[PDB]
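The residues making up each chain are set out below.
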Amino acid sequence: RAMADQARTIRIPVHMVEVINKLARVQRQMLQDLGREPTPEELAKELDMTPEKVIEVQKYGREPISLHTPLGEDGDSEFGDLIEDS
DNA sequence: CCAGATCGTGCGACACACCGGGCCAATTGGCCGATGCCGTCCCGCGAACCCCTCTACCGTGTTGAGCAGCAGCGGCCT
C-alpha cells in the first residue's frame, strides 16, 4: 500500500496502480513466451478490455524526465534550458 | 480691292433664379400583438471512482595543485 501511495510524483489511485502492474506482468509474460512484442489487440483480448483502455493504462504509468539532465557534451547546458515558455 | 471671322448689337428662347406655396409619391420602421422553440435547472437513476479494511502451514540481516585543520607521537619539564 505504501509503495502504491508514495512511489510516483503524480500520484495514481491504488486500483489504477494494480491495473498497471497487471498489464505490465501480462505484457512481460507474453513477450517472453511468444518471442515477439505483443500488439495492442493481443493484450486487449488477453486482458479483456478495449485497446483504448490498454493504451491509456500504458500512458498513465510513465515517469517524468528531469529538467537537469545534461545534453551538452562539454557539460554546460541542460534539458530545461531549451524549453520555451509558451 | 473686298469678304468671312470677330465682335457689336438685337430679338427671341429659355434653362432655369428666385422665394414662396400647396399638395403628394415612395418608403417607411417601429415592434402592436400573437404564436412558438430553446436555455436553464432540478431532479432521477446509475456507472465509475476513490478510499478504507482484512488473510493465520510459514517466514526473522543491505588528477594536479594549493591551502588548512586534526590525530598520533618524540621528546622536554615538572
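As recorded in the entry header, the structure was determined using cryo-EM to a resolution of 3.18 Å.

As annotated in the PDB entry, chain A carries the name RNA polymerase sigma factor SigA and is attributed to Streptomyces venezuelae.

Caption draft 1: Looking closely at the layout of surface pockets. Here the largest pocket is characterised by a volume of approximately 180 Å³. Contributing to the lining of the largest pocket are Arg8, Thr9, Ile10, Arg11, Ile12, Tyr60, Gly61, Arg62, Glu63 and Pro64. Its residues assigned to classes, the lining of the largest pocket comprises four nonpolar, two polar and four charged.

Caption draft 2: Geometry of helix α3 (residues 40-47). Of the residues making up α3, those classed as buried are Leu43, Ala44 and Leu47. Seen from one end, α3 has its buried residues packed into an arc of 105 degrees, which puts them on one side. Its buried side turned inward, α3 meets α2 (14-34) and α4 (51-60). One or two steps after α3, the chain reaches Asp48, where phi turns positive at roughly 60 degrees.

Caption draft 3: Structural detail: a nonpolar patch on the surface. Where nonpolar side chains cluster on the molecular surface, the patch consists of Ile65, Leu67, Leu71, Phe79, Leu82 and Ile83 and spans about 600 Å² of accessible area. Among the secondary structure elements, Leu82 is positioned in the segment after α4.

Caption draft 4: Quick peek at the packing of α2 against α4. The geometry of α2 relative to α4 is characterised by a closest axis approach of 10 Å and an angle of 105 degrees between their N-to-C directions. As the angle between them shows, α2 and α4 are arranged roughly perpendicular. Contacts between α2 and α4 involve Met16, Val19, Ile20, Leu23 and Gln27 from the former and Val54, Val57, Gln58 and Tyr60 from the latter.

Caption draft 5: Structural view of the pattern of salt bridges. Tallying each qualifying case throughout the model produces one salt bridge. Of the charged contacts in the structure, one is a salt bridge between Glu42 and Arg36, with a shortest N-O distance of 3.9 Å.

Parameters and conventions
Residues numbered from 1 in each chain as written, not as in the entry; some residues may be left out. Chains lettered and ligands numbered in written order. Part of a larger assembly, values for the part shown. Heavy atoms only, no water. 1 Å grid on protein atoms, 1.4 Å probe; cavity = no way out; pocket = protein on both sides within 12 Å on 5 of 7 lines; lining within 4 Å. Points joined across faces, edges and corners; volume = space filled by probe spheres on them. Nonpolar A, V, L, I, M, F, W, Y, C, P; charged D, E, K, R; others polar. Buried < 20%, exposed > 50% of the residue type's maximum accessible area, 1.4 Å probe, protein only. Helix = DSSP H or I, 4+ residues; strand = E, 2+ residues; numbered from the N terminus. Arc of directions from axis to C-beta. Contact = heavy atoms within 4.5 Å. Patch = residues over 30% accessible without salt bridge, like charges linked within 9 Å, V, L, I, M, F, W, Y side chains within 5 Å. Areas by Shrake-Rupley, 256 points an atom, 1.4 Å probe, with all protein chains shown as cover. Salt bridge = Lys/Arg side-chain N within 4 Å of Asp/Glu carboxyl O. Axes fitted to C-alpha atoms, helices over the stretch in contact; angles between N-to-C directions. Parallel < 35°, antiparallel > 145°, perpendicular 65-115°, else oblique.

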